[PDB]
$ cat entry.pdb   # PDB, C-alpha atoms
ATOM      1  CA  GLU U  31     181.244  63.053  66.606
ATOM      2  CA  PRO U  32     184.673  63.413  64.891
ATOM      3  CA  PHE U  33     184.030  65.319  61.663
ATOM      4  CA  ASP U  34     185.819  63.392  58.912
ATOM      5  CA  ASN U  35     187.176  66.006  56.497
ATOM      6  CA  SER U  36     188.147  63.437  53.824
ATOM      7  CA  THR U  37     184.983  61.419  53.184
ATOM      8  CA  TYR U  38     182.161  61.542  50.644
ATOM      9  CA  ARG U  39     178.542  60.843  51.581
ATOM     10  CA  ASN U  40     176.873  61.924  48.310
ATOM     11  CA  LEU U  41     176.674  58.225  47.460
ATOM     12  CA  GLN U  42     172.916  57.665  47.117
ATOM     13  CA  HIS U  43     173.231  59.331  43.702
ATOM     14  CA  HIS U  44     175.093  56.179  42.629
ATOM     15  CA  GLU U  45     172.040  53.910  42.996
ATOM     16  CA  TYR U  46     169.586  56.006  40.992
ATOM     17  CA  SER U  47     167.190  54.397  38.528
ATOM     18  CA  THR U  48     166.634  55.790  35.041
ATOM     19  CA  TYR U  49     163.227  57.098  36.191
ATOM     20  CA  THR U  50     164.425  58.482  39.539
ATOM     21  CA  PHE U  51     163.726  62.055  38.386
ATOM     22  CA  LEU U  52     160.037  61.448  37.782
ATOM     23  CA  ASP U  53     159.828  58.731  40.456
ATOM     24  CA  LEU U  54     159.994  61.378  43.171
ATOM     25  CA  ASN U  55     158.613  64.195  41.014
ATOM     26  CA  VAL U  56     155.303  62.308  41.058
ATOM     27  CA  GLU U  57     155.443  62.131  44.866
ATOM     28  CA  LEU U  58     156.398  65.817  45.086
ATOM     29  CA  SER U  59     153.288  66.586  43.004
ATOM     30  CA  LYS U  60     151.210  66.325  46.191
ATOM     31  CA  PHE U  61     153.075  69.217  47.863
ATOM     32  CA  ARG U  62     152.179  71.863  45.297
ATOM     33  CA  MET U  63     149.633  74.580  44.552
ATOM     34  CA  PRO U  64     147.075  75.318  41.826
ATOM     35  CA  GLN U  65     148.834  76.677  38.769
ATOM     36  CA  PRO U  66     147.681  80.124  37.599
ATOM     37  CA  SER U  67     145.208  80.118  34.733
ATOM     38  CA  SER U  68     145.802  81.846  31.404
ATOM     39  CA  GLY U  69     142.136  81.554  30.420
ATOM     40  CA  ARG U  70     142.141  79.691  27.120
ATOM     41  CA  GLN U  71     143.458  76.154  27.501
ATOM     42  CA  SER U  72     145.712  76.553  24.454
ATOM     43  CA  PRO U  73     147.479  79.424  22.677
ATOM     44  CA  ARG U  74     145.785  78.096  19.526
ATOM     45  CA  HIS U  75     142.301  78.507  21.036
TER
ATOM     46  CA  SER V  47     160.433  94.135  -0.492
ATOM     47  CA  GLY V  48     161.911  97.223  -2.148
ATOM     48  CA  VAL V  49     159.635 100.238  -2.191
ATOM     49  CA  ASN V  50     161.116 102.965  -4.369
ATOM     50  CA  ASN V  51     159.206 102.011  -7.493
ATOM     51  CA  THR V  52     155.729 103.064  -6.267
ATOM     52  CA  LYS V  53     156.814 106.680  -5.704
ATOM     53  CA  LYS V  54     155.946 108.057  -9.161
ATOM     54  CA  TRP V  55     152.889 108.530 -11.372
ATOM     55  CA  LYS V  56     153.247 106.543 -14.590
ATOM     56  CA  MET V  57     150.880 106.702 -17.554
ATOM     57  CA  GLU V  58     150.431 103.812 -19.975
ATOM     58  CA  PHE V  59     148.104 103.014 -22.846
ATOM     59  CA  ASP V  60     145.693 100.190 -23.592
ATOM     60  CA  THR V  61     147.355  97.075 -24.981
ATOM     61  CA  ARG V  62     146.615  96.239 -28.618
ATOM     62  CA  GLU V  63     146.907  93.270 -30.972
ATOM     63  CA  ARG V  64     150.046  91.115 -30.638
ATOM     64  CA  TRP V  65     150.240  88.513 -33.409
ATOM     65  CA  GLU V  66     153.019  86.072 -34.253
ATOM     66  CA  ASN V  67     154.917  86.622 -37.477
ATOM     67  CA  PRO V  68     155.197  83.621 -39.821
ATOM     68  CA  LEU V  69     158.992  83.474 -39.544
ATOM     69  CA  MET V  70     159.846  82.712 -35.892
ATOM     70  CA  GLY V  71     156.604  83.521 -34.101
ATOM     71  CA  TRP V  72     157.910  86.906 -32.965
ATOM     72  CA  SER V  73     155.699  89.512 -31.311
ATOM     73  CA  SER V  74     155.089  91.929 -34.169
ATOM     74  CA  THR V  75     152.576  94.645 -33.297
ATOM     75  CA  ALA V  76     150.997  97.649 -35.008
ATOM     76  CA  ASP V  77     150.415 100.347 -32.384
ATOM     77  CA  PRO V  78     153.576 102.419 -31.797
ATOM     78  CA  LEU V  79     152.270 103.750 -28.472
ATOM     79  CA  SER V  80     152.401 100.354 -26.758
ATOM     80  CA  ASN V  81     155.799 100.289 -25.022
ATOM     81  CA  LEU V  82     155.433 103.961 -24.080
ATOM     82  CA  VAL V  83     155.143 104.920 -20.404
ATOM     83  CA  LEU V  84     155.501 108.461 -19.073
ATOM     84  CA  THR V  85     156.554 109.443 -15.555
ATOM     85  CA  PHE V  86     155.192 112.342 -13.510
ATOM     86  CA  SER V  87     155.833 113.607  -9.986
ATOM     87  CA  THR V  88     152.200 114.337  -9.098
ATOM     88  CA  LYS V  89     149.009 113.096 -10.714
ATOM     89  CA  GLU V  90     147.946 116.672 -11.500
ATOM     90  CA  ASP V  91     150.837 117.070 -13.941
ATOM     91  CA  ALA V  92     150.004 113.714 -15.537
ATOM     92  CA  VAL V  93     146.316 114.527 -15.994
ATOM     93  CA  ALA V  94     147.142 117.995 -17.336
ATOM     94  CA  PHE V  95     149.464 116.389 -19.887
ATOM     95  CA  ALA V  96     146.754 113.864 -20.786
ATOM     96  CA  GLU V  97     144.011 116.438 -21.379
ATOM     97  CA  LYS V  98     146.232 118.931 -23.200
ATOM     98  CA  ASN V  99     147.452 116.158 -25.499
ATOM     99  CA  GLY V 100     143.872 114.957 -25.938
ATOM    100  CA  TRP V 101     143.956 111.293 -24.845
ATOM    101  CA  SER V 102     140.951 109.879 -23.016
ATOM    102  CA  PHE V 103     142.361 109.315 -19.539
ATOM    103  CA  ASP V 104     141.554 107.097 -16.570
ATOM    104  CA  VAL V 105     142.457 107.853 -12.966
ATOM    105  CA  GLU V 106     143.508 105.477 -10.191
ATOM    106  CA  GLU V 107     144.252 106.838  -6.725
ATOM    107  CA  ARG V 108     147.668 106.296  -5.117
ATOM    108  CA  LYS V 109     147.243 103.210  -2.943
ATOM    109  CA  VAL V 110     149.654 103.328   0.002
ATOM    110  CA  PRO V 111     150.254 100.766   2.783
ATOM    111  CA  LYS V 112     148.309 101.418   5.961
ATOM    112  CA  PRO V 113     150.711 101.742   8.930
ATOM    113  CA  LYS V 114     150.076  98.817  11.272
ATOM    114  CA  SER V 115     151.071  98.673  14.928
ATOM    115  CA  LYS V 116     153.894  96.136  15.216
ATOM    116  CA  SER V 117     155.599  95.043  18.434
ATOM    117  CA  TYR V 118     157.947  92.150  19.148
ATOM    118  CA  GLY V 119     156.277  91.772  22.545
ATOM    119  CA  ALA V 120     153.276  90.408  20.655
ATOM    120  CA  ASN V 121     155.314  87.333  19.672
ATOM    121  CA  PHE V 122     154.881  86.193  23.294
ATOM    122  CA  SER V 123     151.862  86.486  25.558
ATOM    123  CA  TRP V 124     150.258  85.211  28.740
ATOM    124  CA  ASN V 125     146.712  84.894  27.364
ATOM    125  CA  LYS V 126     146.569  86.515  23.910
ATOM    126  CA  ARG V 127     146.285  84.314  20.827
ATOM    127  CA  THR V 128     149.105  86.267  19.149
ATOM    128  CA  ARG V 129     151.796  84.203  20.906
ATOM    129  CA  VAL V 130     154.021  82.583  18.275
ATOM    130  CA  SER V 131     154.874  78.870  18.257
ATOM    131  CA  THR V 132     158.328  78.959  16.604
ATOM    132  CA  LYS V 133     161.096  81.338  15.568
TER
END

$ encode --input "entry.pdb" --output "structure tokens"
Amino acid sequence: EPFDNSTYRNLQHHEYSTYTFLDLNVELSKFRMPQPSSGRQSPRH
Amino acid sequence: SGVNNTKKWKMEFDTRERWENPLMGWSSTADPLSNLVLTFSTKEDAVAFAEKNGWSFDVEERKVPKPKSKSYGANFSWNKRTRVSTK
């Protein structure tokens, strides 16, 4: 209950693996939407 | 990329024999009217000069660049092939 005005809780960022970015980006991939289509699959096609 | 050299009508004559002299292999020639080029504002003046002088003349029309539609927005696109890949 007592709000501690002199503490830090952004500590989970300490124990982050070198892949942590993509480690949860891959999980976040599920909660997405179809990307809009530009027609040709490449700008060179 | 400079342009102000194709804004005049120049007349020049057929090239003739160019042999090498025995001494240093120079470029001795015989026709005096070889390094002779005449300028004219419009081709009508040039052709009038040619006929009145009496030289058999040949005519080539003034080729000019076609104006092409150019836009920087073509360097990028959503679907067009014209999108660039590097700047």

$ interface_residues --input "entry.pdb" --of "chain U" --to "chain V" --cutoff "7 Å" --atoms "all atoms listed in the file" --output "ChimeraX atom specification"
/U:68-70,73-74

$ atom_distance --input "entry.pdb" --atom1 "atom CA of residue U:71" --atom2 "atom CA of residue V:122"
15.8 Å

$ closest_residue --input "entry.pdb" --among "V:111, V:57, V:78, V:51" --to "residue V:94" --atoms "only C-alpha atoms"
V:57

$ atom_distance --input "entry.pdb" --atom1 "atom CA of residue V:132" --atom2 "atom CA of residue V:114"
22.2 Å

$ resolve_selection --input "entry.pdb" --expression "the PyMOL selection byres ((chain V and resi 54) around 10)" --output "number ranges by chain"
V: 50-53, 55-57, 84-89, 108

$ atom_distance --input "entry.pdb" --atom1 "atom CA of residue V:80" --atom2 "atom CA of residue V:62"
7.3 Å

$ residues_near_point --input "entry.pdb" --point "(142.0, 107.8, -22.2)" --cutoff "12 Å" --atoms "all atoms listed in the file" --output "PDB file with C-alpha atoms, in the frame of the given file"
ATOM      1  CA  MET V  57     150.880 106.702 -17.554  1.00  0.00           C
ATOM      2  CA  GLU V  58     150.431 103.812 -19.975  1.00  0.00           C
ATOM      3  CA  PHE V  59     148.104 103.014 -22.846  1.00  0.00           C
ATOM      4  CA  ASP V  60     145.693 100.190 -23.592  1.00  0.00           C
ATOM      5  CA  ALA V  92     150.004 113.714 -15.537  1.00  0.00           C
ATOM      6  CA  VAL V  93     146.316 114.527 -15.994  1.00  0.00           C
ATOM      7  CA  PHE V  95     149.464 116.389 -19.887  1.00  0.00           C
ATOM      8  CA  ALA V  96     146.754 113.864 -20.786  1.00  0.00           C
ATOM      9  CA  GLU V  97     144.011 116.438 -21.379  1.00  0.00           C
ATOM     10  CA  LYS V  98     146.232 118.931 -23.200  1.00  0.00           C
ATOM     11  CA  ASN V  99     147.452 116.158 -25.499  1.00  0.00           C
ATOM     12  CA  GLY V 100     143.872 114.957 -25.938  1.00  0.00           C
ATOM     13  CA  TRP V 101     143.956 111.293 -24.845  1.00  0.00           C
ATOM     14  CA  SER V 102     140.951 109.879 -23.016  1.00  0.00           C
ATOM     15  CA  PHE V 103     142.361 109.315 -19.539  1.00  0.00           C
ATOM     16  CA  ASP V 104     141.554 107.097 -16.570  1.00  0.00           C
ATOM     17  CA  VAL V 105     142.457 107.853 -12.966  1.00  0.00           C
TER      18      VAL V 105
END

$ resolve_selection --input "entry.pdb" --expression "the PyMOL selection byres ((chain V and resi 76) around 12)" --output "list in words"
residues 61, 62, 63, 64, 65, 66, 67, 73, 74, 75, 77, 78, 79, 80 and 81 of chain V
